[PDB]
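Same chain, two versions here, written out as structure tokens and called structure 1 and structure 2.
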Structure 1
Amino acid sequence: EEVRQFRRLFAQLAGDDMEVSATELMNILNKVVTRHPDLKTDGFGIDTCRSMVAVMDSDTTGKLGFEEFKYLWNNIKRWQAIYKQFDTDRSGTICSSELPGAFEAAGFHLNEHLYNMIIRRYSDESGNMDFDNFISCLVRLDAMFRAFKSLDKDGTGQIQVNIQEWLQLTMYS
């Protein structure tokens, strides 16, 4: 019944326009995090969810269709399990000492410099990251690796991006 239950979840969440908006996404994430007192969060806010939608909206409809939403949801299901596992003291938050192992478990092997930038952008003044910040960072990180991979057809590890493409990739994010 897994396929069936999920199609049902998408149908009811997407509603009358058959796609998942930022508001719909915000609502479901917040509902689910209500049941997980181990995930400390101030909530998923609408601007975070608009960025989430835009980076996952690869056909540029403004909203998440079934396959887009399925990809996002399955990544979050995995990433939440990682966050719980790497929260090796039950603060409910991922501190700087815990972050590299968490990201590496998700398949993101970054260097100290990158980890440092991520912490400045997504963690608080103590270096702790809450759950909605952790998911919004990973959704973006995954999308940016995928964008790079899409543009590096020749597998040279360098991509050439023109201004139109630069603006599209950065503004619709």
Structure 2
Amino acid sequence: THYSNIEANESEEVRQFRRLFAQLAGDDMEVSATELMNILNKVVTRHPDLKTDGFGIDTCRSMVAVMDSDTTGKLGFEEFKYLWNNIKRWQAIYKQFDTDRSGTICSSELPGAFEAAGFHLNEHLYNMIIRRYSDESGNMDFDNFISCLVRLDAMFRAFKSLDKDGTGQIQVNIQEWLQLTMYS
């Protein structure tokens, strides 16, 4: 019937997200990669103090895939709150390391940021994230920054999920391997 799920401890932002969700899905309360994209490219793009051009489709797709457990290609409502919380959080740290608004963050400035974002990577992972996300120069704009961190955190959770006993190790067949690596 009329949309339910009532918390009484709503918020400004979220509920507008929530209203958007229903206006596009409703009781389904699910959004796609493109629908999401639009939903993020406003509460992140509208700020005259954050230099970014918005999230790329691939970013949203990775946003949708990592929070999607059934592989339906749709981001849930509740899974959005986890992510957007993390996003409204990494945006924070972002502008700390980009206080001269240029739409990207200085090459050797990024470590402080990752160390700050709650991710202290080792030699090679830092190499991995640069190769993969650093643009041309070796700098990084908010889009890759957020995506990287979304995909990163989710690969910590993924590991810990397949490592219940706690061996800091994990065994996967090829089915799983591919699903884990293709759906991220």
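Counting starts at 1 and follows the sequence of structure 1. Take the two forms, superpose them, and find the largest set of C-alpha atoms that agree within 1.5 Å; that set is the rigid core.
Only one entry in 121, 70, 146, 36 has its C-alpha moved by 2 angstroms or more between the two structures when the rigid core is superposed, and that entry is 36. After superposition on the rigid core, the Cα atom of residue 158 is displaced by less than 2 Å between the two structures.
In this overlay on the rigid core, residue 61 has a C-alpha that sits 2 Å or more away from its partner position between the two structures.
Put the two forms on the same core and the Cα of residue 85 is off by less than 2 Å between the two structures. On a core-based overlay, residue 110 has a Cα shift of 0.6 Å between the two structures. Per-residue C-alpha deviation between the two structures, core superposed: residue 95, 2.5 Å. At residue 167, the distance the Cα travels between the two structures is 1.5 Å after the core is superposed.
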